[PDB]
């Protein structure tokens, strides 16, 4: 049974370690701070005396630290013990930093996978949990069931180590922009005395609509062609302006909605008024 090591025992590291134990993998864990975790040891993890001892206990070493820099600082003293093992970094980092980490791993003879966790800690280890991995293909294929244990929707996205961070930041762009809109829509409703939980049941219809548009928008963006008949951007800009003005009249900050409107307007200025919302990608790509 493949021995696995987890370095970094913040909440995400602890969740990863816990998923491995539920799967039945022998797990060794190490943290800079003594007080961290110890629930895992009760469930059978071995706490290691030193990062080197933790690396030596693992065929796969998972690092989940604060910053890319912190991971290099922990890892670079233990490079010698990592040689010939599999290193997976799920630390949130930029594509540039993942690729630099890949160069470092190559210089030390480490098969390296850059990973990203896309779900909250609570769902880590569940059949529907999504993680991305990029880098050494043999490392992923050899330890696929380990990675399936951390989340059943684990996906390898390619050999370029930066791609895990690319998928992560692209999905996070969508997520946090939608959470900003979610808070704003509720604030707009509250300005007229409507409780947020009165709006919430209805937002489900727009959840179903967004799921449909995910697939449609991707395929327009890949085609490079945006089709007008289902909806026209010119009229969509006018609809968004009604939101912008009502929220502004009510004293809300409207910087997000105005920014949404300007990008779409710019795509109209570039000639896409009869096209669908997908054409707004041209405003995002060619700001004035």
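Positions refer to the first chain, counted from 1.
- Higher mean CA temperature factor between 251-259 and 48-56: 48-56, per the PDB entry.
- 186-194 and 208-216 differ in mean CA B-factor, and the higher of the two is recorded for 208-216.
- In this entry, the residue among 221, 244, 65, 61 with the greatest C-alpha B factor is 65.
- When the modelled residues of the chain are ordered by C-alpha B-factor, residue 29 sits in the middle third.
- Remark: residue 93 belongs to the highest third of its chain, ranked by C-alpha B-factor as recorded.
- Among the modelled residues of the chain, residue 131 sits in the lowest third by CA temperature factor in this PDB entry.
- Residue-level temperature factors show residue 199 in the lowest third of its chain, judged at the C-alpha atom.
- Sorting the modelled residues of the chain by their CA temperature factor places residue 240 in the lowest third.
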